[PDB]
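Engineer: Turn this into a model:
(one chain, ligands or ions: 2)
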Amino acid sequence: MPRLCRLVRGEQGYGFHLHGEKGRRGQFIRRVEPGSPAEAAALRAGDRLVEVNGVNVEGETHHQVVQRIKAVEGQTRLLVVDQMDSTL
Ligand SMILES: [Cl-]
Ligand SMILES: [Cl-]
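Structural biologist: Residues are numbered from 1 along each chain as shown. Ligands and ions are numbered 1, 2, ... in the order given. The relevant structure is shown in the block below.
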């Protein structure tokens, strides 16, 4: 289920990679860098980003989401949800 990750930025950023699907099927955490603030905050590769700093970002573009992340200098809180099950 969705969960909040509280990140404090380091000198090399947060240490995660955000990957977008053709608009606007969502933004996902592709990679979490070892030893990074993202790893410390327990963000996980595969996570879908649901909120940034308390605002729902489902249906926003990659740029909108990145801008929200950058909006507050030095910290961000990401509500994310992993996906373990799909019926295809
Ligand atoms: Cl996942
Ligand atoms: Cl996960």
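
Engineer: do you know how far the residue of the chain found nearest ligand 1 is from ligand 2?
Structural biologist: Per C-beta to the ion, residue 46 is where the chain lies closest to ligand 1, at 2.7 Å. Where C-beta positions appear, they are placed from N, C-alpha and C, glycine not excepted. Distance, residue 46 to ligand 2, by C-beta to the ion, to the nearest Å: 5 Å.

Engineer: Helix, strand, or coil at the closest residue to residue 24 other than its chain neighbours?
Structural biologist: Nearest-residue entry for residue 24: residue 59, 4.8 Å, with adjacent residues in sequence omitted and distances by C-beta to C-beta, 6 or more residues apart in numbering. What DSSP: H, G, I helix; E, B strand; the rest coil gives for residue 59 is coil.

Engineer: Count the residues that sit near residue 35.
Structural biologist: Per other C-beta atoms under 10 Å, the neighbour tally for residue 35 reads 10.

Engineer: Okay, and it sits in which element?
Structural biologist: Residue 35 is part of no helix or strand, with elements assigned from DSSP states H and E.

Engineer: The residue of the chain closest to ligand 1 and residue 82 touch, don't they?
Structural biologist: Yes: if you go by C-beta atoms under 8 Å, residue 46 and residue 82 touch, sitting 5.6 Å apart.

Engineer: Check whether residue 47 really touches residue 80, as I assumed.
Structural biologist: Yes: here residue 47 lies in contact with residue 80, judged by C-beta under 8 Å, at a distance of 3.9 Å.

Engineer: picking up where we left off before, any chance of the backbone angles for the residue of the chain closest to ligand 1?
Structural biologist: phi 100, psi -20 (degrees, to the nearest 10).

Engineer: higher neighbour count, residue 47 and residue 80?
Structural biologist: Taking other C-beta under 10 Å, residue 47 and residue 80 do not tie; residue 47 has more neighbours (25 against 22).

Engineer: Is the most centrally placed residue in the chain bridged to anything, and to what?
Structural biologist: Central residue of the chain (C-alpha atoms, centre = their mean): residue 49, 4.7 Å from the mean position. Beta bridges link residue 49 to residue 80 when assigned by DSSP bridges.
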